[PDB]
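Undergrad: File follows, entry27.cif with mmCIF, N, CA and C atoms:
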```cif
data_work
#
loop_
_atom_site.group_PDB
_atom_site.id
_atom_site.type_symbol
_atom_site.label_atom_id
_atom_site.label_comp_id
_atom_site.auth_asym_id
_atom_site.auth_seq_id
_atom_site.Cartn_x
_atom_site.Cartn_y
_atom_site.Cartn_z
ATOM 1 N N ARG V 1 82.180 94.608 91.486
ATOM 2 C CA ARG V 1 81.573 93.301 91.123
ATOM 3 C C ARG V 1 82.243 92.703 89.890
ATOM 4 N N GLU V 2 82.359 93.505 88.838
ATOM 5 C CA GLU V 2 82.980 93.054 87.597
ATOM 6 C C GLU V 2 84.117 93.984 87.185
ATOM 7 N N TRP V 3 84.766 94.592 88.174
ATOM 8 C CA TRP V 3 85.873 95.504 87.911
ATOM 9 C C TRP V 3 87.210 94.808 88.142
ATOM 10 N N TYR V 4 87.417 94.329 89.364
ATOM 11 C CA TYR V 4 88.655 93.638 89.716
ATOM 12 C C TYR V 4 88.431 92.133 89.815
ATOM 13 N N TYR V 5 88.839 91.413 88.774
ATOM 14 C CA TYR V 5 88.689 89.963 88.733
ATOM 15 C C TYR V 5 90.049 89.269 88.814
ATOM 16 N N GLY V 6 91.113 90.025 88.556
ATOM 17 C CA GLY V 6 92.456 89.473 88.600
ATOM 18 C C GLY V 6 93.299 89.933 87.430
ATOM 19 N N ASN V 7 92.622 90.310 86.362
ATOM 20 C CA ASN V 7 93.276 90.793 85.152
ATOM 21 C C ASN V 7 92.306 91.647 84.343
ATOM 22 N N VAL V 8 92.535 92.956 84.333
ATOM 23 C CA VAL V 8 91.662 93.871 83.613
ATOM 24 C C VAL V 8 92.395 95.116 83.096
ATOM 25 N N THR V 9 93.129 94.958 81.996
ATOM 26 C CA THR V 9 93.836 96.075 81.367
ATOM 27 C C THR V 9 94.643 95.603 80.166
ATOM 28 N N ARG V 10 95.141 96.564 79.389
ATOM 29 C CA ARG V 10 95.901 96.281 78.178
ATOM 30 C C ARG V 10 94.973 95.682 77.122
ATOM 31 N N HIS V 11 94.297 94.602 77.491
ATOM 32 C CA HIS V 11 93.344 93.941 76.609
ATOM 33 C C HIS V 11 91.937 94.142 77.156
ATOM 34 N N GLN V 12 91.790 93.898 78.452
ATOM 35 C CA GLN V 12 90.510 94.069 79.115
ATOM 36 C C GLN V 12 90.200 95.551 79.275
ATOM 37 N N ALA V 13 91.223 96.335 79.623
ATOM 38 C CA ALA V 13 91.041 97.774 79.794
ATOM 39 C C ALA V 13 90.371 98.369 78.566
ATOM 40 N N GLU V 14 90.779 97.919 77.385
ATOM 41 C CA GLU V 14 90.154 98.398 76.158
ATOM 42 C C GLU V 14 88.769 97.798 76.070
ATOM 43 N N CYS V 15 88.642 96.577 76.573
ATOM 44 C CA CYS V 15 87.354 95.903 76.589
ATOM 45 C C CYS V 15 86.371 96.656 77.495
ATOM 46 N N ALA V 16 86.893 97.593 78.298
ATOM 47 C CA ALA V 16 86.063 98.378 79.211
ATOM 48 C C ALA V 16 86.022 99.849 78.815
ATOM 49 N N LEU V 17 87.134 100.339 78.286
ATOM 50 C CA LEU V 17 87.235 101.728 77.858
ATOM 51 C C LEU V 17 87.303 101.794 76.343
ATOM 52 N N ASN V 18 86.926 100.684 75.708
ATOM 53 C CA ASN V 18 86.923 100.554 74.255
ATOM 54 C C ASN V 18 86.635 101.886 73.594
ATOM 55 N N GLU V 19 85.699 102.610 74.191
ATOM 56 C CA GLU V 19 85.297 103.926 73.691
ATOM 57 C C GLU V 19 86.511 104.714 73.203
ATOM 58 N N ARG V 20 87.646 104.499 73.872
ATOM 59 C CA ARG V 20 88.906 105.157 73.522
ATOM 60 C C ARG V 20 89.020 106.524 74.181
ATOM 61 N N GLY V 21 89.197 106.529 75.499
ATOM 62 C CA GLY V 21 89.324 107.785 76.215
ATOM 63 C C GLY V 21 87.995 108.299 76.728
ATOM 64 N N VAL V 22 87.385 107.547 77.636
ATOM 65 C CA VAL V 22 86.098 107.929 78.203
ATOM 66 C C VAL V 22 86.196 108.140 79.711
ATOM 67 N N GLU V 23 85.846 109.345 80.158
ATOM 68 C CA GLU V 23 85.887 109.688 81.578
ATOM 69 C C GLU V 23 87.209 109.267 82.216
ATOM 70 N N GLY V 24 87.298 109.422 83.534
ATOM 71 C CA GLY V 24 88.509 109.054 84.244
ATOM 72 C C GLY V 24 88.502 107.603 84.683
ATOM 73 N N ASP V 25 88.415 106.696 83.715
ATOM 74 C CA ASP V 25 88.396 105.266 84.002
ATOM 75 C C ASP V 25 89.814 104.719 84.132
ATOM 76 N N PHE V 26 90.143 104.215 85.320
ATOM 77 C CA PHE V 26 91.469 103.660 85.592
ATOM 78 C C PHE V 26 91.329 102.294 86.231
ATOM 79 N N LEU V 27 92.120 101.354 85.755
ATOM 80 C CA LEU V 27 92.072 99.996 86.291
ATOM 81 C C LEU V 27 93.460 99.384 86.417
ATOM 82 N N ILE V 28 93.716 98.783 87.581
ATOM 83 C CA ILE V 28 94.993 98.132 87.867
ATOM 84 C C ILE V 28 94.785 96.631 87.997
ATOM 85 N N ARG V 29 95.718 95.855 87.467
ATOM 86 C CA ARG V 29 95.600 94.404 87.512
ATOM 87 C C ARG V 29 96.944 93.737 87.767
ATOM 88 N N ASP V 30 96.899 92.558 88.376
ATOM 89 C CA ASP V 30 98.111 91.805 88.675
ATOM 90 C C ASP V 30 98.586 91.040 87.445
ATOM 91 N N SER V 31 99.899 90.887 87.322
ATOM 92 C CA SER V 31 100.478 90.171 86.193
ATOM 93 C C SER V 31 100.828 88.740 86.586
ATOM 94 N N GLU V 32 99.940 87.804 86.253
ATOM 95 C CA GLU V 32 100.146 86.391 86.571
ATOM 96 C C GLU V 32 101.587 85.961 86.296
ATOM 97 N N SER V 33 102.202 86.579 85.293
ATOM 98 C CA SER V 33 103.579 86.262 84.928
ATOM 99 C C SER V 33 104.522 86.503 86.104
ATOM 100 N N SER V 34 104.241 87.549 86.875
ATOM 101 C CA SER V 34 105.063 87.892 88.031
ATOM 102 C C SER V 34 104.242 87.840 89.319
ATOM 103 N N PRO V 35 104.905 87.622 90.465
ATOM 104 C CA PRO V 35 104.233 87.545 91.765
ATOM 105 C C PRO V 35 103.868 88.918 92.320
ATOM 106 N N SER V 36 104.647 89.931 91.954
ATOM 107 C CA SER V 36 104.401 91.289 92.423
ATOM 108 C C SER V 36 104.372 92.276 91.259
ATOM 109 N N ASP V 37 103.615 91.937 90.221
ATOM 110 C CA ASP V 37 103.499 92.795 89.046
ATOM 111 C C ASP V 37 102.077 93.326 88.903
ATOM 112 N N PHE V 38 101.955 94.627 88.653
ATOM 113 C CA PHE V 38 100.648 95.253 88.497
ATOM 114 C C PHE V 38 100.660 96.267 87.354
ATOM 115 N N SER V 39 99.570 96.309 86.592
ATOM 116 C CA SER V 39 99.449 97.234 85.465
ATOM 117 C C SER V 39 98.140 98.007 85.540
ATOM 118 N N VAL V 40 98.167 99.284 85.164
ATOM 119 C CA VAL V 40 96.955 100.093 85.193
ATOM 120 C C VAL V 40 96.916 101.121 84.056
ATOM 121 N N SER V 41 95.748 101.228 83.413
ATOM 122 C CA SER V 41 95.550 102.156 82.292
ATOM 123 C C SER V 41 94.396 103.137 82.543
ATOM 124 N N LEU V 42 94.612 104.415 82.185
ATOM 125 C CA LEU V 42 93.589 105.458 82.348
ATOM 126 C C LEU V 42 93.182 106.035 80.997
ATOM 127 N N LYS V 43 92.000 106.644 80.959
ATOM 128 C CA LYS V 43 91.477 107.247 79.737
ATOM 129 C C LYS V 43 91.658 108.762 79.742
ATOM 130 N N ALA V 44 91.781 109.329 78.547
ATOM 131 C CA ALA V 44 91.957 110.767 78.385
ATOM 132 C C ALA V 44 91.292 111.237 77.098
ATOM 133 N N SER V 45 91.478 112.509 76.761
ATOM 134 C CA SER V 45 90.889 113.065 75.547
ATOM 135 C C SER V 45 91.412 112.332 74.314
ATOM 136 N N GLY V 46 90.823 111.173 74.031
ATOM 137 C CA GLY V 46 91.236 110.380 72.886
ATOM 138 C C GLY V 46 92.568 109.679 73.095
ATOM 139 N N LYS V 47 93.186 109.906 74.249
ATOM 140 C CA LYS V 47 94.468 109.296 74.569
ATOM 141 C C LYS V 47 94.315 108.232 75.656
ATOM 142 N N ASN V 48 95.330 107.386 75.796
ATOM 143 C CA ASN V 48 95.320 106.332 76.808
ATOM 144 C C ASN V 48 96.648 106.300 77.556
ATOM 145 N N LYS V 49 96.605 106.621 78.845
ATOM 146 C CA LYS V 49 97.810 106.639 79.669
ATOM 147 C C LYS V 49 97.985 105.325 80.425
ATOM 148 N N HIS V 50 98.967 104.535 80.004
ATOM 149 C CA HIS V 50 99.250 103.255 80.644
ATOM 150 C C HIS V 50 100.518 103.344 81.484
ATOM 151 N N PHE V 51 100.521 102.659 82.622
ATOM 152 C CA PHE V 51 101.676 102.670 83.512
ATOM 153 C C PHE V 51 101.924 101.288 84.109
ATOM 154 N N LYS V 52 103.188 100.996 84.397
ATOM 155 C CA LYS V 52 103.565 99.711 84.973
ATOM 156 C C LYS V 52 103.855 99.847 86.464
ATOM 157 N N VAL V 53 103.366 98.888 87.241
ATOM 158 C CA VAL V 53 103.569 98.890 88.685
ATOM 159 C C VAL V 53 104.365 97.658 89.116
ATOM 160 N N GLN V 54 105.616 97.884 89.511
ATOM 161 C CA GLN V 54 106.505 96.805 89.939
ATOM 162 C C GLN V 54 107.069 97.055 91.335
ATOM 163 N N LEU V 55 107.262 95.974 92.079
ATOM 164 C CA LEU V 55 107.810 96.047 93.425
ATOM 165 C C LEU V 55 109.342 96.000 93.361
ATOM 166 N N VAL V 56 109.977 97.127 93.679
ATOM 167 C CA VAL V 56 111.432 97.225 93.640
ATOM 168 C C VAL V 56 112.035 97.356 95.042
ATOM 169 N N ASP V 57 113.116 96.617 95.282
ATOM 170 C CA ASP V 57 113.832 96.634 96.565
ATOM 171 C C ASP V 57 112.899 96.879 97.753
ATOM 172 N N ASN V 58 111.901 96.018 97.905
ATOM 173 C CA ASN V 58 110.946 96.147 99.004
ATOM 174 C C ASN V 58 110.180 97.462 98.899
ATOM 175 N N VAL V 59 109.992 97.919 97.668
ATOM 176 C CA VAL V 59 109.280 99.161 97.399
ATOM 177 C C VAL V 59 108.288 98.958 96.261
ATOM 178 N N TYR V 60 107.244 99.770 96.229
ATOM 179 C CA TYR V 60 106.233 99.657 95.187
ATOM 180 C C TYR V 60 106.326 100.827 94.210
ATOM 181 N N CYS V 61 106.805 100.538 93.003
ATOM 182 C CA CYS V 61 106.969 101.560 91.973
ATOM 183 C C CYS V 61 105.759 101.623 91.041
ATOM 184 N N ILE V 62 105.506 102.811 90.499
ATOM 185 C CA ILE V 62 104.387 103.023 89.580
ATOM 186 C C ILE V 62 104.810 103.930 88.428
ATOM 187 N N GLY V 63 104.890 103.362 87.230
ATOM 188 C CA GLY V 63 105.288 104.138 86.069
ATOM 189 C C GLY V 63 106.784 104.379 86.019
ATOM 190 N N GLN V 64 107.220 105.512 86.560
ATOM 191 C CA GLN V 64 108.638 105.858 86.574
ATOM 192 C C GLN V 64 109.027 106.503 87.902
ATOM 193 N N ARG V 65 108.544 105.923 88.995
ATOM 194 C CA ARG V 65 108.834 106.434 90.331
ATOM 195 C C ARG V 65 108.609 105.351 91.380
ATOM 196 N N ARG V 66 109.094 105.593 92.595
ATOM 197 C CA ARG V 66 108.953 104.631 93.675
ATOM 198 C C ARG V 66 108.106 105.201 94.807
ATOM 199 N N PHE V 67 107.142 104.406 95.257
ATOM 200 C CA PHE V 67 106.235 104.811 96.319
ATOM 201 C C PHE V 67 106.041 103.685 97.331
ATOM 202 N N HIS V 68 105.586 104.041 98.530
ATOM 203 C CA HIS V 68 105.369 103.061 99.592
ATOM 204 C C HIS V 68 104.078 102.267 99.387
ATOM 205 N N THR V 69 103.465 102.407 98.216
ATOM 206 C CA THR V 69 102.229 101.699 97.915
ATOM 207 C C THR V 69 102.253 101.165 96.480
ATOM 208 N N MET V 70 101.459 100.127 96.217
ATOM 209 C CA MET V 70 101.410 99.521 94.886
ATOM 210 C C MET V 70 99.996 99.549 94.307
ATOM 211 N N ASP V 71 99.145 98.639 94.773
ATOM 212 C CA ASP V 71 97.768 98.563 94.299
ATOM 213 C C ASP V 71 96.817 99.245 95.276
ATOM 214 N N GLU V 72 97.382 99.950 96.249
ATOM 215 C CA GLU V 72 96.581 100.660 97.235
ATOM 216 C C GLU V 72 96.469 102.132 96.859
ATOM 217 N N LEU V 73 97.372 102.583 95.990
ATOM 218 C CA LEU V 73 97.368 103.968 95.547
ATOM 219 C C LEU V 73 96.179 104.263 94.655
ATOM 220 N N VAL V 74 95.513 103.225 94.195
ATOM 221 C CA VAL V 74 94.346 103.406 93.352
ATOM 222 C C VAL V 74 93.130 103.702 94.216
ATOM 223 N N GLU V 75 93.299 103.519 95.517
ATOM 224 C CA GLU V 75 92.224 103.758 96.472
ATOM 225 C C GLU V 75 92.172 105.227 96.882
ATOM 226 N N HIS V 76 93.330 105.883 96.891
ATOM 227 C CA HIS V 76 93.401 107.290 97.270
ATOM 228 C C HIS V 76 94.347 108.073 96.359
ATOM 229 N N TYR V 77 94.735 107.467 95.233
ATOM 230 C CA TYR V 77 95.635 108.100 94.271
ATOM 231 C C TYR V 77 96.678 108.986 94.958
ATOM 232 N N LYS V 78 97.380 108.416 95.940
ATOM 233 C CA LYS V 78 98.417 109.125 96.663
ATOM 234 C C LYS V 78 99.531 109.521 95.691
ATOM 235 N N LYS V 79 100.782 109.140 95.971
ATOM 236 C CA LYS V 79 101.866 109.450 95.051
ATOM 237 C C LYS V 79 101.763 108.515 93.850
ATOM 238 N N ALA V 80 100.665 108.669 93.123
ATOM 239 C CA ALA V 80 100.358 107.869 91.946
ATOM 240 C C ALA V 80 100.594 108.666 90.674
ATOM 241 N N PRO V 81 100.849 107.988 89.540
ATOM 242 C CA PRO V 81 101.067 108.655 88.248
ATOM 243 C C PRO V 81 99.919 109.598 87.874
ATOM 244 N N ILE V 82 99.037 109.873 88.833
ATOM 245 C CA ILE V 82 97.919 110.753 88.620
ATOM 246 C C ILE V 82 98.421 112.135 88.232
ATOM 247 N N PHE V 83 97.775 112.732 87.249
ATOM 248 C CA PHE V 83 98.191 114.074 86.777
ATOM 249 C C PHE V 83 97.004 114.958 86.372
ATOM 250 N N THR V 84 97.049 116.240 86.745
ATOM 251 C CA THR V 84 95.959 117.162 86.412
ATOM 252 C C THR V 84 96.182 117.921 85.114
ATOM 253 N N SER V 85 95.067 118.240 84.464
ATOM 254 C CA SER V 85 95.064 118.996 83.224
ATOM 255 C C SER V 85 94.362 120.332 83.450
ATOM 256 N N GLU V 86 94.779 121.367 82.712
ATOM 257 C CA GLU V 86 94.184 122.705 82.835
ATOM 258 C C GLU V 86 92.711 122.622 83.231
ATOM 259 N N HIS V 87 91.915 121.995 82.376
ATOM 260 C CA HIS V 87 90.493 121.818 82.636
ATOM 261 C C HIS V 87 90.122 120.345 82.507
ATOM 262 N N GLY V 88 91.115 119.481 82.712
ATOM 263 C CA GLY V 88 90.901 118.051 82.617
ATOM 264 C C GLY V 88 90.940 117.366 83.962
ATOM 265 N N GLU V 89 91.433 118.075 84.969
ATOM 266 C CA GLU V 89 91.531 117.530 86.313
ATOM 267 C C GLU V 89 92.609 116.462 86.394
ATOM 268 N N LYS V 90 92.741 115.879 87.575
ATOM 269 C CA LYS V 90 93.751 114.860 87.834
ATOM 270 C C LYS V 90 93.407 113.512 87.215
ATOM 271 N N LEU V 91 94.417 112.868 86.634
ATOM 272 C CA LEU V 91 94.252 111.532 86.099
ATOM 273 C C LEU V 91 94.224 110.652 87.309
ATOM 274 N N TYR V 92 93.020 110.441 87.829
ATOM 275 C CA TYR V 92 92.823 109.693 89.062
ATOM 276 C C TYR V 92 92.705 108.204 88.846
ATOM 277 N N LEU V 93 93.393 107.478 89.708
ATOM 278 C CA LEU V 93 93.394 106.036 89.688
ATOM 279 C C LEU V 93 92.176 105.515 90.439
ATOM 280 N N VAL V 94 91.086 105.290 89.711
ATOM 281 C CA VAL V 94 89.852 104.809 90.318
ATOM 282 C C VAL V 94 89.611 103.327 90.000
ATOM 283 N N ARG V 95 88.637 103.032 89.141
ATOM 284 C CA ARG V 95 88.327 101.652 88.789
ATOM 285 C C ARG V 95 87.761 101.535 87.388
ATOM 286 N N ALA V 96 87.543 100.293 86.993
ATOM 287 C CA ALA V 96 87.006 99.969 85.688
ATOM 288 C C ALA V 96 85.507 100.249 85.623
ATOM 289 N N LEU V 97 85.093 100.979 84.589
ATOM 290 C CA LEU V 97 83.687 101.332 84.392
ATOM 291 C C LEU V 97 83.062 101.874 85.678
ATOM 292 N N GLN V 98 81.758 102.126 85.635
ATOM 293 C CA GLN V 98 81.041 102.650 86.792
ATOM 294 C C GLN V 98 80.986 101.614 87.912
#
```
Please render this file's structure as C-alpha coordinates.
TA:
Amino acid sequence: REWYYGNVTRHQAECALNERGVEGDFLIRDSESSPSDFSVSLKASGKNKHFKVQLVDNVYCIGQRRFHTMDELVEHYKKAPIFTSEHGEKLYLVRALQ
(Lines of atoms letter the chains of each structure in order from A and count residues from 1; the text may use other names and numbers.)
(Lines give C-alpha, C1' and ligand atoms only; values in the text may rest on other atoms or scores of the structure.)
Protein backbone atom coordinates (compact mmCIF):
# COMPACT_ATOMS: atom_id res chain seq x y z
CA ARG A 1 0.00 0.00 0.00
CA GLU A 2 2.71 2.46 1.02
CA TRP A 3 5.79 0.43 0.08
CA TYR A 4 6.17 0.77 -3.69
CA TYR A 5 5.10 4.23 -4.86
CA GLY A 6 7.78 4.76 -7.50
CA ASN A 7 10.69 5.96 -5.40
CA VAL A 8 11.58 4.54 -1.98
CA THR A 9 15.28 4.31 -1.07
CA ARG A 10 18.52 6.22 -0.46
CA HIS A 11 16.37 8.98 1.05
CA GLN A 12 13.04 7.23 1.51
CA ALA A 13 14.70 3.95 2.50
CA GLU A 14 16.12 5.77 5.51
CA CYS A 15 12.73 7.37 5.93
CA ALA A 16 11.51 3.76 6.41
CA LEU A 17 14.52 2.07 8.00
CA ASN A 18 15.58 5.26 9.77
CA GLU A 19 16.09 2.99 12.76
CA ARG A 20 19.42 2.22 11.05
CA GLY A 21 19.52 -1.51 10.43
CA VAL A 22 16.17 -2.95 11.46
CA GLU A 23 15.08 -6.46 10.44
CA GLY A 24 15.44 -7.62 6.85
CA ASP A 25 13.85 -4.55 5.29
CA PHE A 26 14.67 -4.27 1.58
CA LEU A 27 13.19 -1.88 -0.95
CA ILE A 28 13.79 -1.39 -4.68
CA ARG A 29 12.82 1.71 -6.62
CA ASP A 30 13.00 3.02 -10.18
CA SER A 31 15.31 5.91 -11.05
CA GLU A 32 13.24 8.57 -12.83
CA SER A 33 16.59 9.78 -14.19
CA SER A 34 16.86 6.58 -16.22
CA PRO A 35 14.22 4.45 -18.03
CA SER A 36 15.63 1.15 -16.77
CA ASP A 37 17.29 2.12 -13.49
CA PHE A 38 16.48 0.53 -10.13
CA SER A 39 17.95 0.91 -6.63
CA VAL A 40 17.45 -1.17 -3.48
CA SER A 41 18.73 -0.93 0.11
CA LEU A 42 18.66 -3.55 2.93
CA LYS A 43 19.15 -3.30 6.69
CA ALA A 44 21.70 -5.14 8.82
CA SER A 45 23.31 -5.13 12.27
CA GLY A 46 23.74 -1.36 12.34
CA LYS A 47 24.86 -1.53 8.71
CA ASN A 48 23.10 -0.66 5.44
CA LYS A 49 23.67 -2.67 2.27
CA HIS A 50 22.81 -0.66 -0.84
CA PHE A 51 22.94 -1.99 -4.40
CA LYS A 52 22.36 -0.61 -7.89
CA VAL A 53 20.15 -2.34 -10.46
CA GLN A 54 20.83 -1.48 -14.11
CA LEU A 55 19.74 -3.09 -17.38
CA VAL A 56 22.86 -4.07 -19.34
CA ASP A 57 22.95 -5.43 -22.92
CA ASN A 58 19.35 -6.66 -22.67
CA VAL A 59 20.20 -7.99 -19.22
CA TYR A 60 19.24 -7.02 -15.67
CA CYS A 61 22.22 -6.43 -13.38
CA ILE A 62 22.10 -6.08 -9.59
CA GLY A 63 25.01 -4.68 -7.60
CA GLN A 64 28.02 -6.27 -9.30
CA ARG A 65 26.54 -9.10 -11.36
CA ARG A 66 24.18 -9.84 -14.25
CA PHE A 67 20.90 -11.72 -13.92
CA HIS A 68 17.85 -12.47 -16.09
CA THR A 69 15.75 -10.41 -13.67
CA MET A 70 15.70 -6.82 -12.38
CA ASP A 71 12.85 -5.77 -10.08
CA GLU A 72 11.40 -9.28 -10.04
CA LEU A 73 14.26 -10.74 -8.01
CA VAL A 74 12.84 -8.97 -4.99
CA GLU A 75 9.84 -11.26 -5.26
CA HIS A 76 11.85 -14.47 -4.85
CA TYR A 77 15.38 -13.14 -4.18
CA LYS A 78 16.71 -15.41 -6.94
CA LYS A 79 20.25 -14.56 -8.12
CA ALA A 80 19.99 -11.40 -6.04
CA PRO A 81 22.70 -9.63 -3.97
CA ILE A 82 21.06 -11.54 -1.13
CA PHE A 83 23.62 -12.92 1.33
CA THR A 84 23.46 -15.11 4.47
CA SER A 85 25.17 -14.51 7.79
CA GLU A 86 26.30 -17.14 10.34
CA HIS A 87 23.24 -16.39 12.48
CA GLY A 88 21.94 -13.47 10.45
CA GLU A 89 20.34 -15.41 7.62
CA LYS A 90 20.09 -14.29 4.01
CA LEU A 91 19.90 -10.61 3.14
CA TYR A 92 16.55 -11.11 1.48
CA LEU A 93 15.09 -8.68 -0.98
CA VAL A 94 11.59 -8.20 0.41
CA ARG A 95 9.84 -4.82 0.83
CA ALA A 96 9.67 -1.57 2.73
CA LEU A 97 8.42 -1.86 6.32
CA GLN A 98 5.80 -4.45 7.28
Undergrad: As a list in words, which residues of chain V does DSSP assign to helix (DSSP H, G or I)?
TA: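 Written out, the helix (DSSP H, G or I) residues of chain V are residues 12, 13, 14, 15, 16, 17, 73, 74, 75 and 76 of chain V.
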Undergrad: Given the file shown, enumerate the residues that the PyMOL selection byres ((chain V and resi 36-47) around 8) captures and present them as an NGL selection string.
TA: :V and (8-10 or 13 or 17 or 19-35 or 48-56 or 70-71 or 91-94)
Undergrad: Could you write those residues out with N, CA and C atoms, as an mmCIF file, keeping the file's coordinate frame?
TA:
```cif
data_model
loop_
_atom_site.group_PDB
_atom_site.id
_atom_site.type_symbol
_atom_site.label_atom_id
_atom_site.label_comp_id
_atom_site.auth_asym_id
_atom_site.auth_seq_id
_atom_site.Cartn_x
_atom_site.Cartn_y
_atom_site.Cartn_z
ATOM 1 N N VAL V 8 92.535 92.956 84.333
ATOM 2 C CA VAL V 8 91.662 93.871 83.613
ATOM 3 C C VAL V 8 92.395 95.116 83.096
ATOM 4 N N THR V 9 93.129 94.958 81.996
ATOM 5 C CA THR V 9 93.836 96.075 81.367
ATOM 6 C C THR V 9 94.643 95.603 80.166
ATOM 7 N N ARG V 10 95.141 96.564 79.389
ATOM 8 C CA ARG V 10 95.901 96.281 78.178
ATOM 9 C C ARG V 10 94.973 95.682 77.122
ATOM 10 N N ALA V 13 91.223 96.335 79.623
ATOM 11 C CA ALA V 13 91.041 97.774 79.794
ATOM 12 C C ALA V 13 90.371 98.369 78.566
ATOM 13 N N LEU V 17 87.134 100.339 78.286
ATOM 14 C CA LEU V 17 87.235 101.728 77.858
ATOM 15 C C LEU V 17 87.303 101.794 76.343
ATOM 16 N N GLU V 19 85.699 102.610 74.191
ATOM 17 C CA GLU V 19 85.297 103.926 73.691
ATOM 18 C C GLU V 19 86.511 104.714 73.203
ATOM 19 N N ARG V 20 87.646 104.499 73.872
ATOM 20 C CA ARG V 20 88.906 105.157 73.522
ATOM 21 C C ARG V 20 89.020 106.524 74.181
ATOM 22 N N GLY V 21 89.197 106.529 75.499
ATOM 23 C CA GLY V 21 89.324 107.785 76.215
ATOM 24 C C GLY V 21 87.995 108.299 76.728
ATOM 25 N N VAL V 22 87.385 107.547 77.636
ATOM 26 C CA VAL V 22 86.098 107.929 78.203
ATOM 27 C C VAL V 22 86.196 108.140 79.711
ATOM 28 N N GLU V 23 85.846 109.345 80.158
ATOM 29 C CA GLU V 23 85.887 109.688 81.578
ATOM 30 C C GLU V 23 87.209 109.267 82.216
ATOM 31 N N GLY V 24 87.298 109.422 83.534
ATOM 32 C CA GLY V 24 88.509 109.054 84.244
ATOM 33 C C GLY V 24 88.502 107.603 84.683
ATOM 34 N N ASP V 25 88.415 106.696 83.715
ATOM 35 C CA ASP V 25 88.396 105.266 84.002
ATOM 36 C C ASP V 25 89.814 104.719 84.132
ATOM 37 N N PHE V 26 90.143 104.215 85.320
ATOM 38 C CA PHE V 26 91.469 103.660 85.592
ATOM 39 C C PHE V 26 91.329 102.294 86.231
ATOM 40 N N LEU V 27 92.120 101.354 85.755
ATOM 41 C CA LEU V 27 92.072 99.996 86.291
ATOM 42 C C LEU V 27 93.460 99.384 86.417
ATOM 43 N N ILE V 28 93.716 98.783 87.581
ATOM 44 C CA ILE V 28 94.993 98.132 87.867
ATOM 45 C C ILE V 28 94.785 96.631 87.997
ATOM 46 N N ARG V 29 95.718 95.855 87.467
ATOM 47 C CA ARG V 29 95.600 94.404 87.512
ATOM 48 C C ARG V 29 96.944 93.737 87.767
ATOM 49 N N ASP V 30 96.899 92.558 88.376
ATOM 50 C CA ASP V 30 98.111 91.805 88.675
ATOM 51 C C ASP V 30 98.586 91.040 87.445
ATOM 52 N N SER V 31 99.899 90.887 87.322
ATOM 53 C CA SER V 31 100.478 90.171 86.193
ATOM 54 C C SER V 31 100.828 88.740 86.586
ATOM 55 N N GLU V 32 99.940 87.804 86.253
ATOM 56 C CA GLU V 32 100.146 86.391 86.571
ATOM 57 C C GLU V 32 101.587 85.961 86.296
ATOM 58 N N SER V 33 102.202 86.579 85.293
ATOM 59 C CA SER V 33 103.579 86.262 84.928
ATOM 60 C C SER V 33 104.522 86.503 86.104
ATOM 61 N N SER V 34 104.241 87.549 86.875
ATOM 62 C CA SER V 34 105.063 87.892 88.031
ATOM 63 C C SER V 34 104.242 87.840 89.319
ATOM 64 N N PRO V 35 104.905 87.622 90.465
ATOM 65 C CA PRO V 35 104.233 87.545 91.765
ATOM 66 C C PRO V 35 103.868 88.918 92.320
ATOM 67 N N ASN V 48 95.330 107.386 75.796
ATOM 68 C CA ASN V 48 95.320 106.332 76.808
ATOM 69 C C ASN V 48 96.648 106.300 77.556
ATOM 70 N N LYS V 49 96.605 106.621 78.845
ATOM 71 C CA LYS V 49 97.810 106.639 79.669
ATOM 72 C C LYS V 49 97.985 105.325 80.425
ATOM 73 N N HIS V 50 98.967 104.535 80.004
ATOM 74 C CA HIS V 50 99.250 103.255 80.644
ATOM 75 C C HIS V 50 100.518 103.344 81.484
ATOM 76 N N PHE V 51 100.521 102.659 82.622
ATOM 77 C CA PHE V 51 101.676 102.670 83.512
ATOM 78 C C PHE V 51 101.924 101.288 84.109
ATOM 79 N N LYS V 52 103.188 100.996 84.397
ATOM 80 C CA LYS V 52 103.565 99.711 84.973
ATOM 81 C C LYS V 52 103.855 99.847 86.464
ATOM 82 N N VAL V 53 103.366 98.888 87.241
ATOM 83 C CA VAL V 53 103.569 98.890 88.685
ATOM 84 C C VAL V 53 104.365 97.658 89.116
ATOM 85 N N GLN V 54 105.616 97.884 89.511
ATOM 86 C CA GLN V 54 106.505 96.805 89.939
ATOM 87 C C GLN V 54 107.069 97.055 91.335
ATOM 88 N N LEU V 55 107.262 95.974 92.079
ATOM 89 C CA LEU V 55 107.810 96.047 93.425
ATOM 90 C C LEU V 55 109.342 96.000 93.361
ATOM 91 N N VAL V 56 109.977 97.127 93.679
ATOM 92 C CA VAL V 56 111.432 97.225 93.640
ATOM 93 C C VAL V 56 112.035 97.356 95.042
ATOM 94 N N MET V 70 101.459 100.127 96.217
ATOM 95 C CA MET V 70 101.410 99.521 94.886
ATOM 96 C C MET V 70 99.996 99.549 94.307
ATOM 97 N N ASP V 71 99.145 98.639 94.773
ATOM 98 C CA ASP V 71 97.768 98.563 94.299
ATOM 99 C C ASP V 71 96.817 99.245 95.276
ATOM 100 N N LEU V 91 94.417 112.868 86.634
ATOM 101 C CA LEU V 91 94.252 111.532 86.099
ATOM 102 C C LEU V 91 94.224 110.652 87.309
ATOM 103 N N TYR V 92 93.020 110.441 87.829
ATOM 104 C CA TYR V 92 92.823 109.693 89.062
ATOM 105 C C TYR V 92 92.705 108.204 88.846
ATOM 106 N N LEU V 93 93.393 107.478 89.708
ATOM 107 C CA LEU V 93 93.394 106.036 89.688
ATOM 108 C C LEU V 93 92.176 105.515 90.439
ATOM 109 N N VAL V 94 91.086 105.290 89.711
ATOM 110 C CA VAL V 94 89.852 104.809 90.318
ATOM 111 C C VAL V 94 89.611 103.327 90.000
#
```
Undergrad: How many Å lie between CA of residue 96 in chain V and atom N of residue 5 in chain V, rounded to one decimal?
TA: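 Atom N of residue 5 in chain V lies at a distance of 9.3 Å from CA of residue 96 in chain V.
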Undergrad: Fewer than 3 positions away in the same chain doesn't count, so skip those; otherwise give me all residues within 9 Å of residue 65 in chain V, counting only C-alpha atoms, as an MDAnalysis selection string.
TA: chainID V and resid 60:62 79:81
Undergrad: Could you work out how far atom C of residue 14 in chain V lies from CA of residue 67 in chain V, giving the answer in Å with one decimal?
TA: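 If I compute the distance from CA of residue 67 in chain V to atom C of residue 14 in chain V, I get 27.6 Å.
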Undergrad: Could you state the separation of CA of residue 95 in chain V and CA of residue 3 in chain V in Å, given to one decimal place?
TA: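 Spanning CA of residue 95 in chain V to CA of residue 3 in chain V is a straight-line distance of 6.7 Å.
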Undergrad: DSSP on the backbone: which residues in chain V end up as strand (DSSP E or B)? Give the answer as a ChimeraX atom specification.
TA: /V:26-30,37-43,48-56,59-62,66-68,84-85,89-90
